[PDB]
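> Quick check, what structure comes out for this input:
(7 chains, ligands or ions: 8)
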Amino acid sequence: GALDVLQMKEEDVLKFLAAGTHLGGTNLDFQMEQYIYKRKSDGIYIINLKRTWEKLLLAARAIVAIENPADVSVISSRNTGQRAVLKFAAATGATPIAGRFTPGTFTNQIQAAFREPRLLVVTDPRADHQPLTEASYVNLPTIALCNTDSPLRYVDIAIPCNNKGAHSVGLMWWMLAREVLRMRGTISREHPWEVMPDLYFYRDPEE
Amino acid sequence: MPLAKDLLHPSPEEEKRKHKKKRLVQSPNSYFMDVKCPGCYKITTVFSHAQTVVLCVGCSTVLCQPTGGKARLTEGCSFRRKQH
Amino acid sequence: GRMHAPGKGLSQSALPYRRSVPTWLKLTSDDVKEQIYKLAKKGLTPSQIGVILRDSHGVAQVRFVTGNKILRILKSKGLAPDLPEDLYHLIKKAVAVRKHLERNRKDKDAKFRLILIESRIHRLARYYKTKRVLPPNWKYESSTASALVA
Amino acid sequence: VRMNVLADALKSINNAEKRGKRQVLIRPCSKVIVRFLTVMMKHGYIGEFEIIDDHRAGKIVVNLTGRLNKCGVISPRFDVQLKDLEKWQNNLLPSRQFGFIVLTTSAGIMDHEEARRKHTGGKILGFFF
Amino acid sequence: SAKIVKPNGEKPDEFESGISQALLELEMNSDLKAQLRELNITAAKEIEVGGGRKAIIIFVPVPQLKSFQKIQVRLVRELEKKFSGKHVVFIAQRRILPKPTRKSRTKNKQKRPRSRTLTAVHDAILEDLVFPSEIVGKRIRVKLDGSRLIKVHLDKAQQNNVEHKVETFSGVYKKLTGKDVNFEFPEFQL
Amino acid sequence: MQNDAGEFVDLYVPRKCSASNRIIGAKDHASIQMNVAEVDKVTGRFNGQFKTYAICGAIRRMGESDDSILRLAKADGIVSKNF
RNA sequence: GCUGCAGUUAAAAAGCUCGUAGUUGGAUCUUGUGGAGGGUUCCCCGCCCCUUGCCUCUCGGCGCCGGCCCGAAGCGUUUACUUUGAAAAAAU
Ligand SMILES: [Mg+2]
Ligand SMILES: [Mg+2]
Ligand SMILES: [Mg+2]
Ligand SMILES: [Mg+2]
Ligand SMILES: [Mg+2]
Ligand SMILES: [Mg+2]
Ligand SMILES: [Mg+2]
Ligand SMILES: [Mg+2]
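Numbers count the residues shown, from 1 in each chain, chains lettered A, B, ... in the order given. Ligands and ions are numbered 1, 2, ... in the order given. Pasting the structure now:
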């Protein structure tokens, strides 16, 4: 937003640079060109943070406008985003899908997995292409976290970030939960949040 | 292809990336420069893409060499781009 | 789109929009004209005069300093050659090719390129005769053409 | 070569409308292009336009609405004489309620609806609908 | 001198001769003579401005023009502090001729050279109106009611000399020709 | 669409896309009606009124609805400037 | 197949290039308002230079208080184009 209550604070830029979310890929595509600051001395692109923040608050403003919280289905297929989507759906009452997608869940009126969402959030356009291709049949908008080499086909609100590393992905889902819960009422601003981002990170099997 | 690009007010740097003619209004990439021989002393004015051999007067009896592009000065010190 | 070649490139020059003289200038209109006459006396074609003036002196385009183009300047004093150098250089090249052709007759690529050069010569003489620059009884014949160059 | 300047000005406008572009650049500019654009803009098929002036023929930048459906040229400039006009606007135009034929008459470059209002034939240039 | 220095200008003129005699006066003094040699003029006029000011035009005979331009700074400041509260602009007085085909019936006179065309003189006027600024770009926006709007783009050097005068350029032009002009200093020098 | 008497003789008036001004047909199962929320300008909380945007299937298929919504929002104070 | 067809694989682009006729050919050379017909700028009379328009006189009918003046003579370099008049048997 244009305001000052919605502006990025110094405590969040440290969370960003600590998770590494500013660090892009090696290849750029001509649709993500407005989100890049400059290519490093070695071949890697820096993502502009102020632009990440504005696209993240636009996604939150798109999610808050849906009345029933339970038709904002969230999807992750890679192993890094499963815990994050499960915790995001818990914190704000969406319906998560981790693992395989079982094509036809959006367009098949027999299956027991058939639902009719009203939004669609997704971790990675290039790894969860089946939900996008199916959303392209039932008038279904889409929000997506994009790496610097993400194809922006059928996505409607791309959020630029490092999409590869587990810490980055969990931090982005945590911040998306923070800002929907903030502007819906609920956990009012001028307080830190009870949950720490590490509840949202990938497990990466332990000792 | 952002589908809403602005053609009338281009970038101050992306309009110097283009060809000399494909830009909005044509402009040459060449320039004129003051050159100093360190020997005799004048102010010879030389074209950047010379393609000729230049002498000062007598003295060094060379001041530039022609190439396939910008001419190179032998040891002509202090060369200044002239302006508009 | 090359006339007699299958290539196509844009290597032309591009003179600027500010058509005024450059605020600095070591010369003035009639000093340029004398500098032109001097080089014209030594046997330089207008193109050579313009390059020499561009490379060692401040004059980027004579026409912006003196009003007239170089050939009109050379004419208003009676110094232009009898035939323009566009045709002169082509006749010189055709004579050069025909000498080699007379030396070794097993060269067929030289035959082809000579045909193309002469096509250019004819297409240019046909236009120079329309503007009354050449007499209407002018004719490119190989022998008298070798005579013309000298 | 570029035998016809208006033809490629109109085809480059029309190739960009099919693509959703907000603006086009067309070059070279010409007297007849500016008049045809003014006729097409008076009705509301295009927005404002700007002329970029080099010291040569120049370039135009046009602001495209999404209202234009097709504009085009008639390749030889045929003579049209106020009785052929009905048989012309029954081939080129998509209906009788919209779409215009542009022709040059001795009173300027105008449309057919004004040509009959001023009792003048002329030469056909093109159409837009 | 001061009574014949408006030839083909109907020399007895209150305001024109008023500018004249004072101009020729501070010319005739021995202050600075190496700058001028009592050059002719032909006309002058004071014109109003939308901003509520006064601007006087100096119609120079065109073969003089280059020699006026060689100064153009001492003369303007002197005549300005003499007529303080106004603005001073110089124009070289050129001739428009009717279209040879049809704006006036032909009688087989001559070819009507290009310099005497309407557009050529209308451009040379704008060249002379803003001399120290050396026009570097032009643009024309045709708006949604049929009227046009010209934009001139001048250097970012010689700025502080013209933008205080830049308001009166619009008035001078809209009074001479009839077009709406704007003046800009572009995005950046490129 | 009216007639000379004045009434409106039409089944319905189809909506038009907000990025390309082309109407959205009746069998375009790729067009959306994205709806974004408005905040209360002081505490940054949702309050009723919201904005709505339609995007056609074609320009959504060429990967351009992303940088089109960004422009429809920035033009309209949801983002003000300086994206 | 002018409106209006075809020539990668169904029938079909000369092996390739030059070239006279033929067909085609880049940009550029005057604009607001007073009254007036259609709106509240814009599209017959005339003003920033011209706006049928310069003239050279002459005889014929026209002003006015021997004198004063505009219409009448050339015509706007020409064409194509376009609008309008004239002149084109009936029968069908
Ligand atoms: Mg080419
Ligand atoms: Mg070359
Ligand atoms: Mg060349
Ligand atoms: Mg067939
Ligand atoms: Mg076969
Ligand atoms: Mg076959
Ligand atoms: Mg072949
Ligand atoms: Mg032409």
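
> Now do the strands for chain E: every range, in order, please.
Remark: strands assigned in chain E by DSSP state E are E:43-48, E:54-61, E:87-93, E:137-142, E:148-153, E:181-184.

> Could you say which one of these comes nearest to residue E:174?
strand E:181-184 (7.3 Å; C-beta to C-beta). Bear in mind the C-beta positions are built from the backbone N, C-alpha and C, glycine included.

> Who are the packing partners of that closest one?
strand E:148-153, helix E:166-176 (3 or more C-beta pairs under 8 Å, 6 or more residues apart in numbering or on different chains; DSSP states H and E).

> who wins for proximity to chain A among these?
With respect to chain A, and counting by C-beta to the nearest C-beta, the nearest of those is strand E:148-153 at 28.0 Å.

> Just checking: what are the partner strands of that closest one?
strand E:137-142 (antiparallel), strand E:181-184 (parallel) (DSSP bridges).

> Next one: the closest residue to residue B:2 other than its chain neighbours relative to RNA strand G, how far apart?
Computed as C-beta to C-beta, 6 or more residues apart in numbering or on different chains, the closest residue to residue B:2 that is not its neighbour in sequence is residue F:67, at 5.8 Å. Noted for residue F:67: a distance of 36 Å to RNA strand G, by C-beta to the nearest atom of the strand, to the nearest Å.

> What about residue F:67, how many residues nearby?
Counted with other C-beta atoms under 10 Å in any protein chain shown, residues neighbouring residue F:67 total 20.

> from what I can see it touches residue A:32, true?
No: between residue F:67 and residue A:32 there is no contact under C-beta atoms under 8 Å: 9.7 Å.

> Tell me which stretches of the chain form strands.
Because you didn't say which chain, this covers chain A. Going by DSSP E, chain A shows strands at A:36-39, A:45-47, A:74-76, A:96-98, A:121-122, A:143-146, A:157-160.

> That was the other one, I meant chain F.
F:35-39, F:46-52.

> Spit out the contact partners of the residue in chain F positioned nearest to chain E.
Nearest to chain E in chain F, going by C-beta to the nearest C-beta, is residue F:21, at a distance of 16.9 Å. Contact analysis of residue F:21 by C-beta atoms under 8 Å, 6 or more residues apart in numbering or on different chains lists D:65, D:66, D:67.

> What is the nearest of the residues you listed to chain E?
Checking these one by one against chain E (C-beta to the nearest C-beta), the nearest turns out to be residue D:65, at 11.4 Å.

> Name all residues that make contact with residue F:42.
Here residue F:42 is in contact with residue A:5 (C-beta under 8 Å, 6+ apart).

> now with 7 Å?
Contact analysis of residue F:42 by C-beta atoms under 7 Å, 6 or more residues apart in numbering or on different chains lists nothing.

> Around chain B, which positions in chain D sit nearby?
Counting by C-beta under 7 Å from any C-beta of the partner chain, chain D comes close to chain B at D:20, D:21, D:22, D:23, D:25, D:50, D:52, D:54, D:61.

> Just want to check the distance between the residue lying closest to the fourth one once chain neighbours are set aside and residue D:27.
The one in question is residue D:23. Nearest residue to residue D:23, sequence neighbours excluded (C-beta to C-beta, 6+ apart): residue B:7, at 5.2 Å. From residue B:7 across to residue D:27, the span is 11 Å (C-beta to C-beta, to the nearest Å).

> Over to residue A:79?
Distance from residue A:79 to residue D:27, by C-beta to C-beta: 54 Å.

> returning to what we had before: and the strands paired with strand E:148-153: which comes nearest residue A:116?
The nearest among the strands paired with strand E:148-153, by C-beta to C-beta, is strand E:137-142 at 50.2 Å.

> Kindly format the C-alpha coordinates of the closest one as CSV.
Extracted C-alpha coordinates of strand E:137-142, given in CSV (Å, rounded to 0.1, in the frame of the first residue of the first chain):
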residue,chain,number,x,y,z
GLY,E,137,13.9,18.7,-30.6
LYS,E,138,10.4,19.1,-31.9
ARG,E,139,7.1,17.4,-31.3
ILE,E,140,3.4,17.9,-32.2
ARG,E,141,0.6,16.4,-30.2
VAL,E,142,-2.7,16.4,-32.0
